[PDB]
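Peer 1: experimental structure and sequence below, a few questions after.
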Amino acid sequence: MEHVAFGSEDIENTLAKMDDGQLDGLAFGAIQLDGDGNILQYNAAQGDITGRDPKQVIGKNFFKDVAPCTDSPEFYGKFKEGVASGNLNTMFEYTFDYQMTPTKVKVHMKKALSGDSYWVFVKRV
Ligand SMILES: *C(=O)/C=C\c1ccc(O)cc1
């Protein structure tokens with residue numbers, strides 16, 4: 001149980017110190033992507049939400065392979081703009097409905113600290 005609150009301002013700084021193990025101790029879903037949409041990290045809680053096996057999707061493209069329902073201007077378009085601009089910090093509600101019971105969630109997308117990495121944070125609403 002790692003104590004970090006969804007939406008926290010210096011969230012990117014706190015999560016820089018964590019590893020795959022410690023990521024699994026978060027109260028919310030966490031996904032780390034590269035600039036092309038590929039999945040680098042995927043924690044235990046996210047799996048709990050989507051039914052995905054954390055390890056089986058690392059390496060896959062989130063927008064093309066794993067989450068086609070986010071391939072839209074409302075999700076993917078926002079991501080591509082932040083990557084192009086090098087800045088991204090947006091929160092919105094979204095429905096996940098691919099191969100799963102339609103699930104309303106809150107998404108927080110933010111640029112990570114390191115190189116070309118981006119966080120996708122998810123909790124139930
Ligand atoms: C739509 O396809 C939305 C979300 C989503 C996120 C993660 C995984 O693994 C599947 C689907």
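Peer 2: Received it, and whenever you're ready, just let me know what you need. Numbering: from 1, shown residues only.
Peer 1: next SSE downstream of the one helix or strand residue 109 maps to?
Peer 2: Take DSSP states H and E as the rule and residue 109 turns out to sit in strand 103-111. Heading C-terminal from strand 103-111, the first helix or strand you meet, by DSSP H and E, is strand 117-124.
Peer 1: direction included, what does that next one pair against?
Peer 2: strand 29-34 (antiparallel), strand 103-111 (antiparallel) (DSSP bridges).
Peer 1: in JSON lines, list these along with distance to residue 87 and mean neighbour count.
Peer 2: No exception for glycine: its C-beta is placed from N, CA and C like everyone else's. Below are the strands paired with strand 117-124 laid out as JSON lines (distance: least, CB to CB, whole Å; neighbours: other CB atoms under 10 Å):
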{"stretch": "strand 29-34", "distance to residue 87": "15", "mean neighbour count": "22"}
{"stretch": "strand 103-111", "distance to residue 87": "6", "mean neighbour count": "17"}
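Peer 1: quick one, which of the ones you listed gets closest to the ligand.
Peer 2: strand 29-34 (7.2 Å; CB to the nearest ligand atom).
Peer 1: the residue in the chain that the ligand sits nearest to - nearest residue in space that isn't next to it in sequence?
Peer 2: Proximity of the chain to the ligand (CB to the nearest ligand atom) peaks at residue 69, 2.8 Å away. On the basis of CB to CB, 6 or more residues apart in numbering, the spatially nearest residue to residue 69 that is not a chain neighbour turns out to be residue 98, at 4.5 Å.
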